[PDB]
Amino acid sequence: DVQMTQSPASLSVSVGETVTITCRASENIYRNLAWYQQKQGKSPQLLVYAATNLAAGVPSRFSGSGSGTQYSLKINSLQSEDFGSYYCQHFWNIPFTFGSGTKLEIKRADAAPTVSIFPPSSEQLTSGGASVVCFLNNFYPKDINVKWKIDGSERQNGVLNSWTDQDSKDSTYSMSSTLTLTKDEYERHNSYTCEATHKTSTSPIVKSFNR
């Protein structure tokens, strides 16, 4: 069987630029290689087959090349519709393995997160629960980390996090983090803190309240 090594895993790019994605097979696969594009929330779609041939109706800015163990997909003057993920796949023998993927992301200016913290609602407390929520909004680049503290002590348990995809209007990222406690635990403590660490703030942006 054949292992495929795809590179890069991710790249930030701008419309108009030229991008090259690479796949490397563990043995000679004699041009039995396809490339697919996969847009967010959509099924993959064939771009290139037999290493070098454009599928029916695929834009000419896409090109495939290679032979032996080394294959490339090139996008010449990238357009808005080209952001998403790309995968190679071989058909040399069973199993027909895919490369691990390349995600293309839109470049924009760096932006510090806007951090907001929210105490539990009266409603939730009446039901006996206590969720504290922290939004870390409209930041760039993508990587970020949040730390919770209760009365100055770091809290790891009971934390749920979620992240948006790149924003359709401003190309930033956002994150939501929820710390969930029992109402009894919540009411024993005094201060609640959310700390955001980002490229723009390696010393964290800190938001707190007193219950």
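Numbers follow the displayed sequence, beginning with 1.
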property	result
Stretch with the higher entry mean CA B-factor, where the candidates are 74-82 and 109-117	74-82
Selected stretch [higher average CA B-factor]: 181-189 or 47-55	181-189
Largest Cα B-factor, entry values, listed residues 156, 32, 37, 164	156
Residue of maximum C-alpha B factor among 138, 100, 126, 97, per deposited coordinates	126
B-factor third for the C-alpha atom of residue 60 within its chain	highest
Where the record places residue 3 (Cα B-factor, split into thirds across the chain)	highest
B-factor third for the C-alpha atom of residue 172 within its chain	lowest
Residue 89 - Cα temperature factor, lowest/middle/highest third of chain	lowest
Residue 19 - which third its CA temperature factor falls in, relative to the rest of the chain	middle
